[PDB]
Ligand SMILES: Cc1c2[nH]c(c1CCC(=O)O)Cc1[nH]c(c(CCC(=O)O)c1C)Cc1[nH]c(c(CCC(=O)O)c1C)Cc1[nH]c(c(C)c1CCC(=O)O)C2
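Given as structure tokens, the chain that follows is alone and in the form deposited without the ligand.
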């Protein structure tokens, strides 16, 4: 692969000093971009995901508009439960649906052996090698997947949910089947993430979006240990293959009560939502791990000058070391690309003016 030219994002992730604060945005390839809607208008969502040229193109689009310090491959966390044998739809701009969710223990029998999952996900590895080639070393490429508990919520709920009532009902009423499913998910994730790195990914982010529904005790029993197992096994498999490990990011949306444990879970970087004050987050995580985040993405509805001021405040509270700027959640379809450009321009100009 081409030699990496701008490794600021990787340096920050590892905890090293940098000349400026690197920045990227969750869903930087997303519907807020007209050209993203245009290229996606070509096929359906999961068929977009299976075309290496199409994922490559969607990954590069934001980089053409903005000097972001990283690319993240275009894909979906739901490719893993699909590759396990579940049928999925993106029903007419309504979001993800599993028409036949897991509802009882016997439903586990329909899933593939998790060791066959990576071979079902070859199309993502193809998209990753292609993108890493076409990026030609401009910035590092991030790979990703959903964390075990978060994927389990989709598989049992059949899509999004404001309560996760069914999924938490499994934890309380079927804790054994729950552990069995979480382990199937971990055992599928580890070889998929290792494959992403073999295909060319330079950093991995694990997305635990539905953590906040758990309190501390459920989260300690049912999410954290799988989260720890993912990073331990991925790093061990990469070493065994003779490959450099890459930095790993754990993003736990609404996960204020888990931050201290997450800082010990084997991840270089802890990604935060906008609900934790950056100074309190630093306190919970100590000064080993790098922090990523955490601007409310709705702030980008404010005027450019207001965005600049919000970025200045956020940067001042995180401080310059062991920090990667990002939003606290994905960009929304209605957001103005010019305001995304302002956020990116503001992080760069303020972090430098903060150094120089």
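Residue numbers count along the first chain shown, from 1.
Just so you know, the form deposited with the ligand bound exists too; it's not on screen, but the next bit is about it.
This chain is displayed alone, yet in the entry with it bound one of 191, 266, 200, 96 has a heavy atom within 4.5 Å of the ligand; that residue is 96. Checked against the ligand in the entry with it bound, the residues 270, 139, 73, 204 give one hit for a heavy atom within 4.5 Å, which is 73. In summary, the region of this chain contacting the ligand in the entry with it bound, judged by heavy atoms within 4.5 Å and restricted to 299-307, 29-37, 317-325, 284-292, corresponds to 29-37. Using a 4.5 angstroms heavy atom cutoff to the ligand in the entry with it bound, none of 1, 66 and 131 count as contacting. The closest non-hydrogen atom of residue 251 lies within 4.5 Å of the ligand in the entry with it bound. Under a 4.5 angstroms non-hydrogen atom cutoff, the ligand in the entry with it bound lacks residue 226 among its neighbouring residues.
The ligand is not drawn, but in the entry with it bound it has a heavy atom within 4.5 Å of residue 144. The ligand is not shown here, and in the entry with it bound it never comes within 4.5 Å of any heavy atom of residue 178.
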